[PDB]
Amino acid sequence: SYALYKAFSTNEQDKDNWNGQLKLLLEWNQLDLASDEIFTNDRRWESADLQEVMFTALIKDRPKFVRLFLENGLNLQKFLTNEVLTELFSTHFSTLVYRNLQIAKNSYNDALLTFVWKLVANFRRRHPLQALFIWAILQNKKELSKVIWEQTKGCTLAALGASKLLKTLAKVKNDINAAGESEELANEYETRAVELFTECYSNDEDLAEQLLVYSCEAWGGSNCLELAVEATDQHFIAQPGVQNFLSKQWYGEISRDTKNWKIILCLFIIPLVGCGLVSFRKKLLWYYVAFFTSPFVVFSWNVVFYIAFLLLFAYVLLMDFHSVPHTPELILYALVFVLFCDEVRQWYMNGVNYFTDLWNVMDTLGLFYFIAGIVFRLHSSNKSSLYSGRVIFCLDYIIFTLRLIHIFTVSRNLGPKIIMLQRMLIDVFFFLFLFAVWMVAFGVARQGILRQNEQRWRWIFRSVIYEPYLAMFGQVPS
Amino acid sequence: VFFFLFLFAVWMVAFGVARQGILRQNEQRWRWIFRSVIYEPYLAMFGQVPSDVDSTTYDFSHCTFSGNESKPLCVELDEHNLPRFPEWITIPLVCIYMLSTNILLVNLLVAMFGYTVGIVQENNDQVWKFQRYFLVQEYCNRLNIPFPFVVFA
Amino acid sequence: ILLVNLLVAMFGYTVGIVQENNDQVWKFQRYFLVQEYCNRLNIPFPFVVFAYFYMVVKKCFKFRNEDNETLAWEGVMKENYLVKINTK
Amino acid sequence: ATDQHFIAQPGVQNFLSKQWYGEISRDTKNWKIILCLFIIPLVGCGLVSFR
Amino acid sequence: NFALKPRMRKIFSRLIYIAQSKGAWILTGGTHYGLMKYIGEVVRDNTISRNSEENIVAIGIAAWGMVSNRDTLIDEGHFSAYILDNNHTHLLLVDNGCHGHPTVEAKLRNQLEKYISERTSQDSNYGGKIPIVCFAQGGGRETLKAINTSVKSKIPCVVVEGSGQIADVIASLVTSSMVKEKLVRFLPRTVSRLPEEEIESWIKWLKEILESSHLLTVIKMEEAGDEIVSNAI
Ligand SMILES: O=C1NC(c2cccc([N+](=O)[O-])c2)=CCN1c1ccccc1O
Ligand SMILES: [Ca+2]
């Protein structure tokens, strides 16, 4: 390249042809030479004709040259039109990347990937730099993307959305090499988002908490915190800045540096609100509302109400259950109506993804078994339907009581252990598989050796399944 | 220990109220409510397997028919003077409870104890020989005679 | 004996793995309870049904410069962080 | 030679899994495959990927 | 047009940080192009990052014979597209005759520099007297005329870099022959349009530069770490 530049330069006719020298030094990777003796003397810069060389540097993976061009002047929004994007996504877009995009859209669909599928369908047939950044990032370019990422405004949103896209495209099973590179690039941009927000928080807290909440006029139609959630990027939320934001939004009006026992003590004794025991940092009726508004105490009031509801359910079910409903059954139906209204509200304000949560599944299940218990219970003067209604309410009480576990996950102490508890199910299922195999083998062998031609199915299953099952708690079959 | 007792109390209350509601009808004595809701599912943590759910090993010589003497109430009867409770709903209920408490919930406490011992042992000797200061100062502070003579001083 | 004391060992191993990730997963789950309790503007639980009627009342009757300012604020620590990367 | 690091590398693992699923592409979920196993004349539908 | 490599980006960022820490004015041309553009951008960045604690002062001193769209008011104007920079919190535009007159603002600029260099304010550590530093990094006729007008006065404190056009020819040599030898070897592509009758004048300009070498100092290439601008000033 240096030999060809010394031949091209000393013809004394094309010394004025800096465009030809620049295209020659772009076709080769000569960064230092083009910087040292084209842009040195500042004797002729136009700033408007650099678009052909810019498109050439984009399509040929020349990131240091686009860095040099932006350093010496070009506006990308001035550079980018819809014809440029259709030439990128139509001609300069690969076909194997598009096939991986199809496989990801078929098997692992997501809201952001539906958005990028819609925009790539737009451009294969207004936020310029973000779409160019998406183009660069799903090609696995890895160094043109950093150059454009330094030019963007919403840089945290850009890094989080890019991490989400590449983590989804790393799940496609064919062409595992591209999946590996997209995984590495995903990890790099999520590291970048975390390390930028820790600086933006370690200077100014109020402006970082201003950053966390914005939608960027439909970047991808969502938020910085929401994009960190939807990618299951749990290191962006386990950092002390977002944790401090969440705790300051959790205690609300009450300052965080007051002890918890003062707060629950003022919860139980209501007219104690007007005293100097709680700190409202973060005249009297404002103290009243600033206490009874915060998330902490509405949660705590709610769990006290729920424990009282369970005691009422237990009293009704064990000690007062007659052929006609007495007064505490009617109070019980009123409280279950309150719970039903809350859950149908939460279904309305969530939609279908409400049913994604397991607790809302068993929550709907418990409400359904309750109303089934009512419709068996009201048929009086029939002993079987009344006993059946009470049996349905007992199994329903099992469901309502086991929901208290998922209630108490918010605690600093019990919380991480209840979350740990669901990571054990594969060990439990391995145990139950091996135990069921040994149990069936021993039970059928013992029943076959001892007896002869049992014809009752109940006394088959009491002697093959049930008694070898009790031998797990140390019973020694008799 | 407190995590274990919270989970065990939740399972214990759920099973005890379900079994007492399925079997019997309108117990009016508070003592025989709490002996049958709290105490017997508690004993099922040491491997007891709660008893009156089987309907073939249940004798009526341990009932009262009305709360007059010590014994529990009978399971509520049919018009044929037969027990009403389904075996196919109380045998697997006892099996699920007995699995959930006597095996999963105890062998989870073992794992958590082992993890806490695995953490705190390199800090444990430091905390012990920090606590050593307090006994050394309370025994070197007083100028004292033998303990049962200290009252003289 | 064999099959129960094997489950003990597997539980102990899984606890020994997942505990350094466990607090991260917990305080990630903390987001969902904070958002479902800070989303609704609500009264005490057994009174919420009253506010339900109030929402029925609704169905009875029926570029920004500081965002540019905070993005322009963000750019400065972006530049500072890039300087720190190339400084290390 | 019981050289189990030469087979625990992702290349031979990918070879083995591509020979294990066979005609069916690996990036389809397993429940569709077993569901089409139980219902035989469901083979002629767009639920499994034969890439 | 203006060549800004990232070393000069770091230097001028550090310069405006020093100006914010000390509460200092910065005098410059005040047009929209190149170095004044970058200075105005960093002024707006340090303003937008802190929003308080002695918001810095950037005076632009423009010629008014080169301003494109001109409006007479008493009432605020709206100057949109020499073009003026957006970010200078103060502008001053000198008055003269026709359009074709550069080097007009240099008289009032250097007269004001002399007046502050003689101005007394005893609440300082310079023994009063309000210290003044003059910086030059690029090149041109205006740079040499500004440096010699400063060093002809007392208390200029001229500081130059080690990269540029005239910054190199003042950094490197520290009579007529050596000046010619360095100027043709560091700026070859301007001398093709320069008559010798003013090249001897430029030799007289640089002789009056090097008349006082104590009032001049330089930034070098090995001196390129951090806090080099404080070490110069
Ligand atoms: O919101 C809630 N809904 C119900 C609920 C409502 C209807 C039916 C059932 N159920 O069947 O398990 C449960 C459970 C308790 N609960 C609650 C109370 C205090 C704090 C946190 C909470 O989640
Ligand atoms: Ca719910």
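Laboratory data are not the source of any read-out in this text; all were calculated from the coordinates shown. Backbone-built Cβ (ideal geometry, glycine too); neighbour counts: all protein chains shown.
Based on C-alpha coordinates, I'd like the Rg and Dmax of region A:199-251, in Å.
That works out to 11.3, 31 Å for Rg and Dmax.
Net charge near B:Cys74, counting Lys/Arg +1 and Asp/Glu -1 over other residues with Cβ under 13 Å of its Cβ?
-3
Less than 11 Å Cβ to Cβ from A:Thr364, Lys/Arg counted +1 and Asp/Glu -1: what total charge do the surrounding residues give?
Taking every other residue near A:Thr364 into account, the sum is -3.
Give the whole-number value, in cubic angstrom per residue, of the convex hull volume spanned by the C-alpha atoms of the protein assembly as shown. Walk me through the intermediate numbers first.
Details: hull volume 384.1 nm³, N = 1003.
About 383 Å³ per residue, rounded to a whole number.
Which value in deg cm²/dmol, rounded to the nearest 500, describes the helix-derived mean residue ellipticity at 222 nm for the protein assembly as shown, given -39,500 (n - 2.57) per DSSP H run of n ≥ 4 and division by the residue count?
That comes out to -19000 deg cm²/dmol.
Among the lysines, which have Cα under 20 Å from the Cα of A:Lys248 when same-chain residues fewer than 8 positions away are ignored?
Result set, ordered by chain and number: A:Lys259, A:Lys262, A:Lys282, C:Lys27.
According to the Cα gyration tensor, what semi-axes, each the square root of 5 times an eigenvalue, does the equivalent ellipsoid of chain C have, listed from largest to smallest in whole Å?
43, 38, 8
Considering the options A:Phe400, A:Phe123, D:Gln19, tell which one lies farthest towards the positive end of the dipole of the protein assembly as shown, charges being +1 on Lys and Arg and -1 on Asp and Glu at the Cβ, about the Cα centre.
So the residue we want is A:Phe400.
Per residue, what volume in Å³ does the convex hull of the Cα atoms of region B:46-153 enclose?
224 Å³
Counting only residues 5 or more places away or on other chains, whose amide H sits under 5 Å from the amide H of E:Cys134 once H atoms are built in the peptide plane?
E:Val158, E:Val159
Would you tally the net charge around E:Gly77, using a Cβ to Cβ cut-off of less than 12 Å, leaving E:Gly77 out, and scoring K and R as +1, D and E as -1?
Working: positive: E:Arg70; negative: E:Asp71, E:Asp75, E:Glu76.
That sum, taken over residues with Cβ under 12 Å, equals -2.
By a straight-distance test (C-alpha under 12 Å), which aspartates and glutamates pair with A:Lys171 as possible cross-link partners, with residues fewer than eight away in the same chain excluded?
Once the sequence-local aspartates and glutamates are set aside, what remains near A:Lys171 is A:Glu181, A:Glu183, D:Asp27.
If you average the alpha carbon positions of region B:1-47 and of region A:282-317, how far apart do those two centres end up, in angstrom?
Measuring centre to centre over Cα atoms gives 27 Å.
Excluding residues on the same chain fewer than 8 positions from E:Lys22, give the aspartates and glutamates whose Cα lies under 13 Å from its Cα.
Within the straight-line limit of under 13 Å, E:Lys22 reaches these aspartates and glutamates: E:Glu53, E:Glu54.
Over 18 Å between Cα atoms: which of E:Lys107/E:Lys204; C:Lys78/E:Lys10; A:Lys105/A:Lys164 fall into that group?
Too far apart for the 18 Å limit: E:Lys107/E:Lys204.
Report, in degrees rounded to the nearest 10, the 0 to 90 angle that the Cα long axis of helix B:87-99 makes with the longest principal axis of chain B.
Once rounded, the angle reads 10 degrees.
Mind listing the phi-derived Karplus ³J(HN,Hα) values for region D:13-21, rounded to whole Hz, using 6.51, -1.76 and 1.60 with θ = phi - 60°, and x for any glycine or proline?
5, 5, 4, 5, 6, 5, 8, 7, 6
Which ³J(HN,Hα) values, rounded to whole Hz and listed in residue order, are derived for region A:210-217 from phi using the Karplus coefficients 6.51, -1.76 and 1.60 in 6.51 cos²θ - 1.76 cosθ + 1.60 with θ = phi - 60°, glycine and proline given as x?
5, 5, 4, 10, 9, 9, 6, 6
For peptide B:90-103, how many partner chain Cβ atoms fall within 10 Å of a residue's Cβ, on average?
3
For region C:73-79, in order, what is each residue's ³J(HN,Hα) by Karplus, 6.51 cos²θ - 1.76 cosθ + 1.60 with θ = phi - 60°, in whole Hz (x at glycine and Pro)?
Here the 3J(HN,Hα) series is 5, 4, x, 6, 6, 4, 5 Hz.
Long-range amide H contacts for E:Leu91: which residues qualify at under 5 Å (H placed 1.01 Å from N, peptide plane, sequence gap of 5 or more or a different chain)?
Excluding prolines and chain starts, which carry no amide H, the hits are E:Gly60.
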